[PDB]
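Participant: Sharing a structure, written as C-alpha cells. Questions coming.
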Amino acid sequence: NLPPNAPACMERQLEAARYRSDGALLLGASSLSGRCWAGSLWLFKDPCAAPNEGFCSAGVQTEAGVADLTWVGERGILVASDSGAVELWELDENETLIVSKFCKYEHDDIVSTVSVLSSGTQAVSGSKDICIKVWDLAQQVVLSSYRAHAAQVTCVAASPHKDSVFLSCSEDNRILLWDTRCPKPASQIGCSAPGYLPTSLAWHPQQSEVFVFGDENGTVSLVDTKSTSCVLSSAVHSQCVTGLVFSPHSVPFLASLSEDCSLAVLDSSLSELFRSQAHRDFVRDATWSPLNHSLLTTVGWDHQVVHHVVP
Amino acid sequence: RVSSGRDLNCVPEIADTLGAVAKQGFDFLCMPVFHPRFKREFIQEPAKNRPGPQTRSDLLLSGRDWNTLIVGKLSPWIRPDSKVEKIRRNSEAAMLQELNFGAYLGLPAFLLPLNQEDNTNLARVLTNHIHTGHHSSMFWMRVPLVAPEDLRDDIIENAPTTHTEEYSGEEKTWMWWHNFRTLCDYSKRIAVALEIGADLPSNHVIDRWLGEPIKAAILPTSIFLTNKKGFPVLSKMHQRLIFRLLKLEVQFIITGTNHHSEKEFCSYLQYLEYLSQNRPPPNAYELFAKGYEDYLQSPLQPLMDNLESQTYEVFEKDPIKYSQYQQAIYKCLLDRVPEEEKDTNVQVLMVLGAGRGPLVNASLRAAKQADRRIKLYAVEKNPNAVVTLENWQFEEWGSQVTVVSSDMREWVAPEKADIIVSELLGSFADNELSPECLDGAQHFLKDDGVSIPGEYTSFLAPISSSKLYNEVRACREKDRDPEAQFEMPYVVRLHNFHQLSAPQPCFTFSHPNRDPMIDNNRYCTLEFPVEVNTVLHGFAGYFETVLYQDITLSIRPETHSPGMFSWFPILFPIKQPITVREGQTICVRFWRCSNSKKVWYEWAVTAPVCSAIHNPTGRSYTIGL
Ligand SMILES: C[S@@+](CC[C@H](N)C(=O)[O-])C[C@H]1O[C@@H](n2cnc3c(N)ncnc32)[C@H](O)[C@@H]1O
Ligand SMILES: [Cl-]
Ligand SMILES: [Cl-]
C-alpha cells in the first residue's frame, strides 16, 4: 500500500539519506533526466524496506529537485531546491503525510547545501548564486545574506554546538570559518598552497575546533582551526569527495562519499578500515544508524539504498 | 520596443515553464538542455555506463519553438580549464556533447560563461565545435561588467577588499573576453552576453565594451530598486546604461527569482518597456541612418562611373545642403555686383558637375533672392543625367541655362566665368577627386572669379570597433589579395564603435589654386592622445567645406550641419588590431597619391607600434581619373 498522498514512483536519482534519532529513514530524491525534472521526500520506518515505494511510512512530491536535505528536529525536513527556494516540510501528527510548512524563493540560483544550526531554530543555506543565507525557521525569513565567496557555494556546515559558528567552502578555493558575533563574520582558513577546490566539510563531533574537508581530487584532510595549517591528509578517492560523515561512536569513524562510486570508512589517522564498491553510480549520502552504530546506510544515483556492516 | 528573455536554471516541465514565461511577456527562454546537477562520466566505469536517457526528449517541443524560443545554457559543472586532469577531460566530452545537442536542436543561441581568467581549453573546445559543421548558431559569452571577486562583501576579516583604485584591474573581465575571442579567431558566431551588477563600475570599465559584439544584456532581479509604490525600478546610472544598450538593440535578459513578491515577473519587463518608450525620439539624421548602422558600403566614384538615376534622387532629397548652396551664391552675387549695377551686370555662373540640376535651380533661386542677373552653364559628363538637364532646360529653364554635355577638364568654354559652383565632394572631402576636376576647369574662371566651394578639409579620428573590424574581415573575395578588404576605405554609419581621440585635420584644398606648380599629392602625420586602454581597428574620416565665407557644410561630429544626411563617415581600416594603453599616443601617417590615371590613399600607424603601409601603390584601391 502507498500512503494517502505518496506518488506511485520515486525518482531514480537519490540525493539524501538521513537517519532520525528514533531510527526512521529520510530520503530525498530528484528526477535528473526525462520529461519531468522534479523531486520527492520519503519517510521509511523500516530502513531495510527502502527504496520500495509501496513500503514507506510517508511520501510527497516537490515542484523541483532536491539538491540537499536535513532533519529539522524530529518532524522537520529542510530542503535545498533547484528552484532556488529553501523549503521546510513538516511531518504529519500520525507521521503519514509530509506537508509544506514554507517555500521561500530567496536565492537567485539552485540551492545546493543546507545545514541546521545547534539550536535547531536557525539554518544556513549555500547556493550557486554565490550567497550564503542565515534563516529563522520559526519566522520563515532570512536574518542575514552573505556574499563572501567569489564562486558557487559547494558546502555549508553548522558547528555541532555553537549557533554562531559554521563552515563554508566554494569553487573560489575558499574555506570560510564563520562567527555571526564578529563584525566581519568569515575568516579565510586553509593551508599554505591553494591546491584543489574544497568540495565537502565535516565538523568533528567531539573536538569543537576540529574538522575534515574533502577536495575535488579525492583527497581527505584533517584540520585543527587553531594550528590553521592542514597537518594530516590522504588520497582516499580517485574522484571528487561528495560528502564526509562521522559515526555516532565515542571515538568516531569517518565515512567518505565520492563520484568514483565508492564508499570508504576511515579512522583518526585517516587510514582505510572499510571500502564498498556496492554502487554502480555516484554515492550521494551516508547515515549511521542511531540504533546500530556499526550499521552505515548509503544512497546513490543507481537508485540503491545499500546497508553496510562496519567492523 | 524591447526583445526580452527569461533566464532560468530550473525547468521541471518544459511545456509549462515556456507557457508561463510567454504569459509573463518574454520573447524567449534561457534554460539548461541537460540537468544542471547531472554530472556525467565519460571515462571511468561504473559511472561511465550510466543508463539513459541522458536528457529530456526533443519531441517535447516543436522545431519552430526550438529554433526561435530556446537559448541553451552550458552545465555549470563543465569546467574545461580545471586544474584537475579528469575534470578537464570529462568537461571537454560534456561540452562537445552539450554543444552538439544544441545544434541537433537547431537552437538560435547557446550560453557559455567567462567567469575566470583562463578559458584556453574552453575556447579550444568551442573553436573545434565551430569547425565541426557549418551552422548559423550564436554563442553568447556570459561576462560580467564586474568580476564576482571584485564585488564580494567586505566580510572576510583576514582577507579585506582592496579599497585602492586599480584602473587596469577594474577592466579585467574585458581582458577575459578579449583573450577568449582572440583565441577563437574573431568568429562572427561568438558574441557578448553582458551581465550588469548591483553596483556599476567606473565609466572607463563600461566604455571598455564600446565597439564589442553585445547581443544580450543580463539584468539580475537583485539590481532592481523598489519605488514608493513597490514596483521594481532602476538607478539613474543603470538607466543611463540601459539607454546606451537600447541603441545597440541588444536582447534584454531577466535572471534571478522575484524579490518583489507583491508583483509578478511582467513588472521587471514593464519598466524596460517604459524606459524604451520614454527615451528621446530619432531626429531627421537618426531616422535616415536607420538600417545603414555599421553597414559597409563602397565609396561612390561619380567621376569614373556614371551614377544611377535613383542615386541623384537620394542626393537631391538633402534640404540643408541646397539651402546652404543657395545662400552661398546669394552672398556672392551681392558682393560681386552692387545695387547700382543690378540691371547692367549679368554674372557668368557655371555649375561644374550639374547632375540632374539642383545647383542650377539653387543658383536661380539665389539670383532671384539677391535681385541680380545671371548667365548659367550646366556642365555634366554623365550623359544619362544630361537627358534630365536637357528636358529641364527645354521645358522650364530656357535660353538662360546652356547645358554642356562634357567633362569640365576638357570643355573649351566660349567665355570665362564669374562663379563656378560644384558638389564634387565625398565623405573624406577630396575622395571623389574634386581637386583634379576643378584644377582642369579653373582656366575658364575669371582672374578674380569665385569658386563655390572655396575650401575643404578632411579630418581623421582613431576608432575602436571589434564589430566593424570583423565586418571588414568578412569582405574577402576570390581572385584578389586575401587581405585587400583592409586596404580600402568604406562609407559607413559608424554605430557600435568608440572614438579614441578628437578629430584632427588631414588634407585641405583651396579653390582657385594660385600655386604655380599645382600638386594635389599629400603626406600628413597626426598624433592622437589616447586616455583609455583600448584596441585600434581603424580611422574615421569626416570633412568640412567652406562654400562661401561663413556658409559651410560639415560631417565632423563636433560641427555637424544639423539634419544633413548626404554623407556618412568613411572608415580606413588596419589589417591587424593594435593595443593602445591609457596615456599612449596613436601616430598615423596618411598619403594622398596619384599618377595620370588614378588617385589613391596610403596610410600607416607608427605609434604605439608600426603597421604595414596600407594600399601601397593603390594595389587594393584606386579612384579613377
Ligand atoms: C551629384 S554630385 C555628387 C554629390 C553627392 N551628394 C556625393 O555624395 O558625392 C557629382 C556630379 O558631378 C559630375 N562630375 C564629376 N566629375 C565630373 C567632370 N570631370 N566633369 C563633369 N561632371 C563631372 C558627376 O557625373 C555627378 O553628376
Ligand atoms: Cl560569468
Ligand atoms: Cl558599453
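These protein sequence lines map, in sequence, to chains B and A. Using the deposited numbering, you'd call the opening residue of the first sequence number 18 and step up by one each time. Using the deposited numbering, you'd call the opening residue of the second sequence number 13 and step up by one each time. Built from N, CA and C at the ideal position, the CB exists for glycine as well.
1. Threshold first: 4 residues or longer. Then list the alpha helix (DSSP H) segments lying entirely within the stretch 179 to 230 of chain A, N to C.
2. Does ligand 1 have a heavy atom nearer than 8 Å to the CB of residue 2 of chain A?
3. Of all the options B/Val227, B/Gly231, B/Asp153, which has the alpha carbon lying nearest to the alpha carbon of B/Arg191?
4. Would the C-beta of A/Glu320 count as close to ligand 4, meaning under 8 Å from any of its heavy atoms?
5. Residues of chain B with CB under 8 Å from A/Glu161, in chain order?
6. Tell me which residues of the stretch 195 to 229 of chain B have at least one Cβ-Cβ distance to chain A shorter than 7 Å, keeping chain order.
7. For A/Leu284, which of A/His271, A/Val262, A/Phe300, A/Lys302 has the nearest alpha-carbon?
8. For B/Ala81 and A/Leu30, what's the separation of their Cα atoms in angstroms?
9. For B/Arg297, return the contacting residues in chain A, with the cut-off set at a CB-CB distance below 7 Å.
10. Which word fits A/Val484, buried or exposed, when buried means at least 16 other C-beta atoms lie within 10 angstroms of its C-beta?
11. Going by beta carbon distance, what residues of the same chain come within less than 7 Å of B/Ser100, once the five residues before and after it are set aside?
12. Just to confirm, are A/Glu594 and A/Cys605 a CB contact at a threshold of 9 Å?
13. Taking only runs of the beta strand (DSSP E) that begin and end inside the stretch 401 to 484 of chain A, which ones reach a length of at least 3 residues, in chain order?
14. To be precise: take each residue of the stretch 150 to 178 of chain B, compare its Cβ to all Cβ atoms of chain A, and keep it if any distance is under 8 Å. Which residues remain?
15. Could one say the Cβ of B/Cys186 lies closer than 9 Å to chain A's Cβ atoms, at least one of them?
16. Taking the beta strand (DSSP E) that A/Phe327 falls in, what are its first and last residues?
17. Go ahead and label A/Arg52 buried or exposed: buried means 16 or more other beta carbons lie within 10 angstroms of its beta carbon, across all protein chains shown.
18. Looking only at DSSP bridge pairs, what is A/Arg601 linked to?
19. Taking only heavy atoms of ligand 2 into account, decide whether any of them is closer than 8 Å to the Cβ of B/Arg292.
20. I'd like to check one pair, A/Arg193 with A/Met153: are the Cβ atoms closer than 9 Å?
21. Is the Cβ of A/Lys587 closer than 9 Å to any Cβ of chain B?
22. One question on the structure: do B/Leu44 and B/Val229 come within less than 9 Å of each other, judged by their Cβ atoms?
23. Would you report the Cα separation of B/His324 and B/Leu308, rounded to the nearest angstrom?
24. Let me know the beta strand (DSSP E) ranges lying completely inside the stretch 253 to 337 of chain A, each 3 residues or longer, listed in chain order.
25. If we ignore side chains and look at the alpha-carbon of each, how far apart do B/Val316 and B/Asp302 end up?
26. Hey, could you find the ends of the beta strand (DSSP E) B/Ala203 is sitting in?
27. What does the alpha-carbon distance come out to for the pair A/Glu489 and A/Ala496?
28. Return the CA-CA distance between B/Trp318 and A/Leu260, expressed in angstroms with no decimal places.
29. Tell me where the alpha helix (DSSP H) around A/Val372 begins and ends.
30. Would you mind stating whether A/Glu402 and A/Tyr337 have Cβ atoms separated by less than 9 Å?
31. Can you look up B/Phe72 in the DSSP assignment and give me helix, strand or coil?
32. Does the Cβ of A/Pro314 lie closer than 8 Å to at least one heavy atom of ligand 1?
33. Could you have a look at B/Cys172 and say whether DSSP puts it in helix, strand or coil?
34. Just to confirm the assignment, what range does the beta strand (DSSP E) spanning B/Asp99 have?
35. Starting from the beta carbon of B/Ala81, find every residue of chain A whose beta carbon is closer than 7 Å, and list them in chain order.
36. How many angstroms separate the CA atom of B/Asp196 from the CA atom of B/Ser244?
Facilitator: Answer, in terms of the structure:
1. The qualifying runs are 184 to 195, 215 to 219.
2. Residue 2 of chain A cannot be examined here, being either before or after the span of chain A that is shown, 13 to 637.
3. Taking the first residue of the first sequence as 1, we reach residue 191 of chain B at position 174. Of the listed residues, the one whose Cα sits closest to B/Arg191 is B/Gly231.
4. Annotation note on ligand 4: not contained in the displayed structure, which lists ligand 1, ligand 2 and ligand 3 as its ligands.
5. Start at 1 with the first residue of the second sequence, and residue 161 of chain A comes out as number 149. Result: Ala167, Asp189.
6. For the stretch 195 to 229 of chain B, which is checked against every Cβ of chain A, the residues closer than 7 Å are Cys199, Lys201, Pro202, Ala203, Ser204, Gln205, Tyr213.
7. Here the question's residue 284 of chain A lines up with position 272 in the second sequence. Answer by Cα proximity: A/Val262.
8. Numbered from 1 along the first sequence, position 64 holds the residue referred to as residue 81 of chain B. Numbered from 1 along the second sequence, position 18 holds the residue referred to as residue 30 of chain A. Roughly 16 Å separates the two Cα atoms.
9. As a working mapping, residue 297 of chain B is identified with position 280 in the first sequence. Neighbours of B/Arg297 on chain A, chain order: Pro58.
10. Within the second sequence, residue 484 of chain A is the residue found at index 472, counting from 1. Buried, because 16 or more other Cβ atoms sit within 10 Å of the Cβ of A/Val484.
11. One-based indexing of the first sequence puts residue 100 of chain B at position 83. These residues qualify, in order along the chain: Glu80, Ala81, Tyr122.
12. Here residue 594 of chain A refers to the residue found at position 582 when the second sequence is read from its first residue. Here residue 605 of chain A refers to the residue found at position 593 when the second sequence is read from its first residue. No, they are not a contact pair.
13. Listed in chain order, they are 413 to 416, 429 to 433, 457 to 464, 467 to 476.
14. Flagged, chain order: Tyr163, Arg164, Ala165, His166, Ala167, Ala168, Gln169.
15. Working through the first sequence from its first residue, we reach residue 186 of chain B at position 169. No, its Cβ sits nowhere closer than 9 Å to a Cβ of chain A.
16. Within the second sequence, numbered from 1, the residue matching residue 327 of chain A stands at position 315. Per DSSP, A/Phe327 is not a residue of any beta strand (DSSP E); the alpha helix (DSSP H) it occupies stretches across 321 to 328.
17. Against the second sequence, residue 52 of chain A aligns to sequence position 40. By the 10 Å Cβ count, A/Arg52 comes out buried.
18. Working through the second sequence from its first residue, we reach residue 601 of chain A at position 589. The partner list for A/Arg601 (beta bridge, DSSP) reads A/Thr537, A/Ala616.
19. Reading the first sequence from its first residue, position 275 is the one you call residue 292 of chain B. Result no, Cβ not under 8 Å from ligand 2.
20. Position 141 of the second sequence, counted from the first residue, corresponds to residue 153 of chain A. Position 181 of the second sequence, counted from the first residue, corresponds to residue 193 of chain A. Yes; because the gap between Cβ atoms is below 9 Å, this pair is in contact.
21. One-based indexing of the second sequence puts residue 587 of chain A at position 575. Using a Cβ-Cβ cut-off of 9 Å, A/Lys587 does not count as an interface residue toward chain B, since no Cβ of chain B sits closer than that to its own.
22. Here the question's residue 44 of chain B lines up with position 27 in the first sequence. Here the question's residue 229 of chain B lines up with position 212 in the first sequence. Not in contact: B/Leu44 and B/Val229 (Cβ atoms no closer than 9 Å).
23. On the first sequence, position 307 is the one that residue 324 of chain B refers to. On the first sequence, position 291 is the one that residue 308 of chain B refers to. Rounded to whole angstroms, B/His324 to B/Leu308 spans 13 Å at the Cα level.
24. You should have 263 to 267.
25. For the purposes of this step, residue 316 of chain B is identified with residue 299 of the first sequence, where counting begins at 1. For the purposes of this step, residue 302 of chain B is identified with residue 285 of the first sequence, where counting begins at 1. Straight through space, the alpha carbons of B/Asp302 and B/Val316 are spaced by roughly 5 Å.
26. For this step, residue 203 of chain B is matched to residue 186 along the first sequence. No beta strand (DSSP E) holds B/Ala203; DSSP gives it neither H nor E.
27. To locate residue 489 of chain A, count along the second sequence from 1; it is residue 477. To locate residue 496 of chain A, count along the second sequence from 1; it is residue 484. Approximately 9 Å, taken between the alpha carbons.
28. The residue labelled residue 318 of chain B in the question sits at position 301 within the first sequence. The residue labelled residue 260 of chain A in the question sits at position 248 within the second sequence. Their backbone Cα atoms lie some 46 Å apart in a straight line.
29. Taking the first residue of the second sequence as position 1, residue 372 of chain A is located at position 360. Residues 370 to 381.
30. Along the second sequence, one-based indexing puts residue 402 of chain A at 390. Along the second sequence, one-based indexing puts residue 337 of chain A at 325. No. Outside cutoff.
31. By one-based count along the first sequence, residue 72 of chain B stands at place 55. In this structure, B/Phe72 counts as helix in the three-state DSSP scheme.
32. Locating residue 314 of chain A in the second sequence gives position 302, where the first residue counts as 1. Answer for A/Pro314: yes, Cβ within range of ligand 1.
33. The residue given as residue 172 of chain B occupies position 155 in the first sequence. When DSSP states are grouped into helix, strand and coil, B/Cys172 belongs to the strand group.
34. As a first step, residue 99 of chain B is located in the first sequence; it is residue number 82 there, counting from the start. It is not in any beta strand (DSSP E) - B/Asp99 carries neither H nor E in the DSSP assignment.
35. Translated into positions along the first sequence, residue 81 of chain B becomes position 64. Below the 7 Å Cβ cutoff, chain A contributes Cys22, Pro24 as neighbours of B/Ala81, in chain order.
36. Within the first sequence, residue 196 of chain B is the residue found at index 179, counting from 1. Within the first sequence, residue 244 of chain B is the residue found at index 227, counting from 1. Using only the alpha carbons, I get a separation of about 18 Å.
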